[PDB]
Structure formats: structure tokens, C-alpha cells
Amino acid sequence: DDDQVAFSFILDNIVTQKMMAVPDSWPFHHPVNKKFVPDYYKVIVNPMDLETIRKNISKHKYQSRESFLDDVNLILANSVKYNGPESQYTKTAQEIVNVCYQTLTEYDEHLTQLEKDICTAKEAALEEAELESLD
């Protein structure tokens, strides 16, 4: 609830202040424009980028670090597929993933608290929704 908002703020500041600050991270800031890279979506079936993650964050898509890190890792996997494992683009995506990991670790204790309280809050909301519906 209130905890979901704090969690999303932390994630968004990790994205804007750490991941987007990686040198030359511009290729991963926004979705690829088909008019500029015409092959991209023929190759990349589950696209992902830092802007889309911010929008998912603002929609409170992420209740835990795990689903957040699923999407962050999709950025890296897509660079590996389209650009190659040894490419400079993939080197940059890997740095983006590492700074994300590093920053989450700094805030592990606080983020673990939030995830716990977010989950117990969502269970309280779901359990009462079902009790209200049958009663």
C-alpha cells in the first residue's frame, strides 16, 4: 500500500539515477524505433528498455525485486541476441545490470522489509475481497 509506493520510488531512482547514468547507456533508455532499426522487432520478440521499466514501476507492476530483475535481465538477454555476447552494446547492458544489482544490495535491508509488508498487505486485501464477495 503505502509500502508499494516507497518500493516503486526506490526502484525508479535506481533506474534514473544509477542505471541510466551508466556511460553510453542511450541505446537502452527507450524502446527501439522501427523506423530507425527496421530489423529489430523481427529478431527481438520480447522487447524491453529502461523507459518501459519506469512505466511498469509507476503502474506498480513490481511487488518484489524478482519481477523487476526479470525485466532488467531481459534488456541484457536482448542485447546478447541482437548485438552478440561480445559486443560493446552488450558490455554496456551488462554494466547496467551490475549497477542495478549493486544498488539493490546497498538497500537490501530496507527493500526486504518493504517486500514483506507489501506481500502481507496484498494478502490482507485479497483475503478481505474474497470474504466480502461471499458475505
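In case it trips you up, residue 1 is the first one in the sequence shown, and so on. Rigid core here is just the name for the largest C-alpha set that superposes within 1.5 Å across the two forms.
The stretch that strays farther, by root mean square C-alpha distance over structures and residues in 8 other deposited structures of this protein after a rigid core fit, is 28 to 36, when 28 to 36 is set against 65 to 73. Between stretches 37 to 45 and 77 to 85, greater average Cα displacement in 8 other deposited structures of this protein relative to the shown form, fitted by the core, falls on 37 to 45.
Look at the C-alpha B-factors of 15 to 23 and of 111 to 119. On average they run higher in 111 to 119. Relative to its counterpart among 50 to 58 and 37 to 45, 37 to 45 has the higher mean temperature factor, C-alpha atoms as listed in the PDB entry.
Placement of the Cα temperature factor of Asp71 within the chain: lowest third of the modelled residues, per the deposited record.
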